[PDB]
Amino acid sequence: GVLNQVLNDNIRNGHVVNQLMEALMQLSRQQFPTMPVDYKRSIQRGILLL
Amino acid sequence: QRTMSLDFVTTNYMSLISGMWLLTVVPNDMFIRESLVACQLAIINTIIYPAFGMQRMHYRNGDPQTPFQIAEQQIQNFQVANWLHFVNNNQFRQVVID
């Protein structure tokens, strides 16, 4: 008898941050094509800390 | 297999000439990309390109081609385009021994 805003099943068992990992791991291989090089490796290693 | 980082000043015309011997013996995979490029471009804009009278290159930050790999195509000599081919393809040869 009480409406309560509930999450979906893919966050409650934690499976979605496996999908973020594969989204964030391929974000750390792509060459940032016009970015300076010392700002590229500081933003790819900052991804690999997550 | 540390990566060295080159440290120099642009206003020393002899340290840039002695850097020509350094890149042609040590393979460029060891010198770090943010500091190999700033030394590989300083030889181009000071020693190589004023020698031929060409216009000094507009090298933007973060171009995927290092400025020796972009000055073996833009130069028209044969003997200084044969050394710039060795520096662009100087690599370690990973072989397994014993």
# chains A, B, ... in the order shown; residues from 1 in each chain; ligands from 1
>>> interface_residues(of="chain A", to="chain B", cutoff="8 Å", atoms="only C-alpha atoms", output="ChimeraX atom specification")
/A:33-38
>>> residues_around(residues="residue 16 in chain B", least_positions_apart="5", cutoff="10 Å", atoms="only C-alpha atoms", output="compact mmCIF listing (two decimals) with C-alpha atoms, in the first residue's frame")
# COMPACT_ATOMS: atom_id res chain seq x y z
CA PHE B 8 67.98 21.21 -23.19
CA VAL B 9 67.78 24.87 -24.14
CA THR B 10 66.84 25.98 -27.65
CA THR B 11 69.48 28.75 -27.74
CA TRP B 21 73.83 11.74 -32.79
CA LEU B 22 71.60 10.83 -29.85
CA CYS B 39 63.96 18.12 -29.49
CA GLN B 40 63.18 16.52 -32.85
CA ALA B 42 64.19 22.00 -32.65
CA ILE B 43 66.69 20.34 -34.99
CA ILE B 44 64.28 20.89 -37.88
CA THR B 46 67.10 25.55 -36.58
CA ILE B 47 69.64 23.36 -38.40
>>> atom_distance(atom1="CA of residue 65 in chain B", atom2="CA of residue 88 in chain B")
10.1 Å
>>> residues_around(residues="residue 75 in chain B", least_positions_apart="4", cutoff="9 Å", atoms="only C-alpha atoms", output="list in words")
residues 49, 52, 54, 70, 71, 80 and 81 of chain B
>>> write_last_selection(atoms="N, CA, C and O atoms", output="PDB file, in the first residue's frame")
ATOM      1  N   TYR B  49      66.057  22.890 -41.674  1.00  0.00           N
ATOM      2  CA  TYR B  49      65.249  23.706 -42.581  1.00  0.00           C
ATOM      3  C   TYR B  49      65.819  25.082 -42.942  1.00  0.00           C
ATOM      4  O   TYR B  49      65.563  25.536 -44.062  1.00  0.00           O
ATOM      5  N   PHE B  52      68.320  24.502 -46.009  1.00  0.00           N
ATOM      6  CA  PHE B  52      67.752  24.391 -47.340  1.00  0.00           C
ATOM      7  C   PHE B  52      66.915  25.599 -47.721  1.00  0.00           C
ATOM      8  O   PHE B  52      66.431  25.669 -48.854  1.00  0.00           O
ATOM      9  N   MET B  54      63.996  26.393 -46.571  1.00  0.00           N
ATOM     10  CA  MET B  54      62.572  26.133 -46.519  1.00  0.00           C
ATOM     11  C   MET B  54      61.927  26.928 -45.393  1.00  0.00           C
ATOM     12  O   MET B  54      62.597  27.460 -44.507  1.00  0.00           O
ATOM     13  N   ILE B  70      57.579  13.819 -40.511  1.00  0.00           N
ATOM     14  CA  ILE B  70      56.882  14.760 -41.371  1.00  0.00           C
ATOM     15  C   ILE B  70      57.850  15.622 -42.157  1.00  0.00           C
ATOM     16  O   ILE B  70      57.426  16.378 -43.040  1.00  0.00           O
ATOM     17  N   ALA B  71      59.149  15.483 -41.909  1.00  0.00           N
ATOM     18  CA  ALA B  71      60.166  16.177 -42.677  1.00  0.00           C
ATOM     19  C   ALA B  71      61.035  15.248 -43.507  1.00  0.00           C
ATOM     20  O   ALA B  71      61.999  15.718 -44.110  1.00  0.00           O
ATOM     21  N   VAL B  80      70.249  13.761 -46.572  1.00  0.00           N
ATOM     22  CA  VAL B  80      69.598  14.108 -45.313  1.00  0.00           C
ATOM     23  C   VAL B  80      68.159  13.605 -45.274  1.00  0.00           C
ATOM     24  O   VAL B  80      67.484  13.734 -44.248  1.00  0.00           O
ATOM     25  N   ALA B  81      67.670  13.013 -46.352  1.00  0.00           N
ATOM     26  CA  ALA B  81      66.431  12.258 -46.296  1.00  0.00           C
ATOM     27  C   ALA B  81      66.684  10.774 -46.165  1.00  0.00           C
ATOM     28  O   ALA B  81      65.730   9.996 -46.161  1.00  0.00           O
TER      29      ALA B  81
END
>>> select_by_dssp(residues="chain B", states="alpha helix (DSSP H)", output="number ranges by chain")
B: 13-25, 33-43, 49-52, 80-88
>>> write_last_selection(atoms="N, CA and C atoms", output="compact mmCIF listing (two decimals), in the first residue's frame")
# COMPACT_ATOMS: atom_id res chain seq x y z
N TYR B 13 73.22 26.07 -30.01
CA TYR B 13 73.28 25.43 -31.32
C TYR B 13 74.18 24.21 -31.34
N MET B 14 74.97 23.96 -30.30
CA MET B 14 75.79 22.75 -30.27
C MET B 14 75.10 21.60 -29.58
N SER B 15 74.26 21.87 -28.57
CA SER B 15 73.52 20.79 -27.93
C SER B 15 72.46 20.20 -28.85
N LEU B 16 71.98 20.97 -29.82
CA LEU B 16 71.05 20.44 -30.81
C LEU B 16 71.76 19.63 -31.89
N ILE B 17 73.01 19.96 -32.20
CA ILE B 17 73.77 19.16 -33.15
C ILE B 17 74.18 17.84 -32.52
N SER B 18 74.57 17.87 -31.24
CA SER B 18 74.88 16.63 -30.55
C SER B 18 73.65 15.80 -30.25
N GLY B 19 72.46 16.40 -30.29
CA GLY B 19 71.25 15.62 -30.23
C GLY B 19 70.96 14.85 -31.50
N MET B 20 71.58 15.23 -32.62
CA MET B 20 71.41 14.46 -33.85
C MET B 20 72.08 13.10 -33.74
N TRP B 21 73.21 13.03 -33.04
CA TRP B 21 73.83 11.74 -32.79
C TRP B 21 73.02 10.91 -31.80
N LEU B 22 72.29 11.57 -30.90
CA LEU B 22 71.60 10.83 -29.85
C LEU B 22 70.37 10.10 -30.39
N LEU B 23 69.59 10.76 -31.24
CA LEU B 23 68.39 10.13 -31.77
C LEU B 23 68.71 9.07 -32.81
N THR B 24 69.91 9.08 -33.37
CA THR B 24 70.24 8.13 -34.41
C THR B 24 70.88 6.87 -33.87
N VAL B 25 71.21 6.83 -32.58
CA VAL B 25 71.75 5.64 -31.92
C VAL B 25 70.73 5.04 -30.96
N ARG B 33 57.55 11.01 -25.46
CA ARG B 33 56.96 11.64 -26.64
C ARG B 33 56.80 13.14 -26.48
N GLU B 34 56.50 13.62 -25.27
CA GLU B 34 56.38 15.05 -25.04
C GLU B 34 57.72 15.77 -25.11
N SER B 35 58.84 15.05 -24.98
CA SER B 35 60.16 15.65 -24.97
C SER B 35 61.08 15.14 -26.07
N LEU B 36 60.74 14.03 -26.73
CA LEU B 36 61.42 13.70 -27.97
C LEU B 36 61.02 14.67 -29.07
N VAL B 37 59.73 15.00 -29.13
CA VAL B 37 59.19 15.85 -30.18
C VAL B 37 59.74 17.27 -30.10
N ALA B 38 59.84 17.82 -28.89
CA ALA B 38 60.37 19.17 -28.74
C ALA B 38 61.86 19.26 -29.01
N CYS B 39 62.57 18.14 -29.04
CA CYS B 39 63.96 18.12 -29.49
C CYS B 39 64.07 17.76 -30.96
N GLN B 40 63.19 16.88 -31.44
CA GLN B 40 63.18 16.52 -32.85
C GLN B 40 62.67 17.66 -33.72
N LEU B 41 61.85 18.55 -33.17
CA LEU B 41 61.41 19.73 -33.91
C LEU B 41 62.45 20.84 -33.85
N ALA B 42 63.20 20.94 -32.76
CA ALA B 42 64.19 22.00 -32.65
C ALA B 42 65.37 21.80 -33.59
N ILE B 43 65.68 20.56 -33.96
CA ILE B 43 66.69 20.34 -34.99
C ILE B 43 66.16 20.76 -36.35
N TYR B 49 66.06 22.89 -41.67
CA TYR B 49 65.25 23.71 -42.58
C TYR B 49 65.82 25.08 -42.94
N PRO B 50 66.55 25.81 -42.08
CA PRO B 50 67.27 26.98 -42.60
C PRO B 50 68.41 26.65 -43.52
N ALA B 51 68.96 25.43 -43.47
CA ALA B 51 70.04 25.07 -44.38
C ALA B 51 69.54 24.96 -45.81
N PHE B 52 68.32 24.50 -46.01
CA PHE B 52 67.75 24.39 -47.34
C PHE B 52 66.92 25.60 -47.72
N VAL B 80 70.25 13.76 -46.57
CA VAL B 80 69.60 14.11 -45.31
C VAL B 80 68.16 13.60 -45.27
N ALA B 81 67.67 13.01 -46.35
CA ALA B 81 66.43 12.26 -46.30
C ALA B 81 66.68 10.77 -46.17
N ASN B 82 67.94 10.37 -46.11
CA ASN B 82 68.30 8.99 -45.79
C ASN B 82 68.66 8.82 -44.33
N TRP B 83 69.14 9.87 -43.69
CA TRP B 83 69.33 9.83 -42.24
C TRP B 83 68.00 9.99 -41.52
N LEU B 84 67.13 10.88 -42.00
CA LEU B 84 65.79 11.02 -41.44
C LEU B 84 64.92 9.80 -41.67
N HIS B 85 65.30 8.89 -42.56
CA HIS B 85 64.57 7.64 -42.62
C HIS B 85 65.08 6.65 -41.58
N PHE B 86 66.35 6.74 -41.20
CA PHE B 86 66.84 5.82 -40.19
C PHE B 86 66.34 6.20 -38.81
N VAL B 87 66.24 7.50 -38.52
CA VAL B 87 65.75 7.93 -37.22
C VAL B 87 64.27 7.63 -37.08
N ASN B 88 63.51 7.72 -38.17
CA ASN B 88 62.09 7.39 -38.10
C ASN B 88 61.84 5.90 -37.98
>>> residues_around(residues="residue 2 in chain B", least_positions_apart="5", cutoff="12 Å", atoms="only C-alpha atoms", output="PyMOL selection string")
chain B and resi 29-32
>>> atom_distance(atom1="CA of residue 1 in chain B", atom2="CA of residue 90 in chain B")
15.8 Å
>>> atom_distance(atom1="CA of residue 23 in chain A", atom2="CA of residue 40 in chain A")
17.5 Å
>>> residues_around(residues="residue 21 in chain A", least_positions_apart="5", cutoff="10 Å", atoms="only C-alpha atoms", output="PyMOL selection string")
chain A and resi 16+26-27+47-48+50
>>> closest_residue(among="A:24, A:13, A:5, A:19", to="residue 45 in chain A", atoms="only C-alpha atoms")
A:24
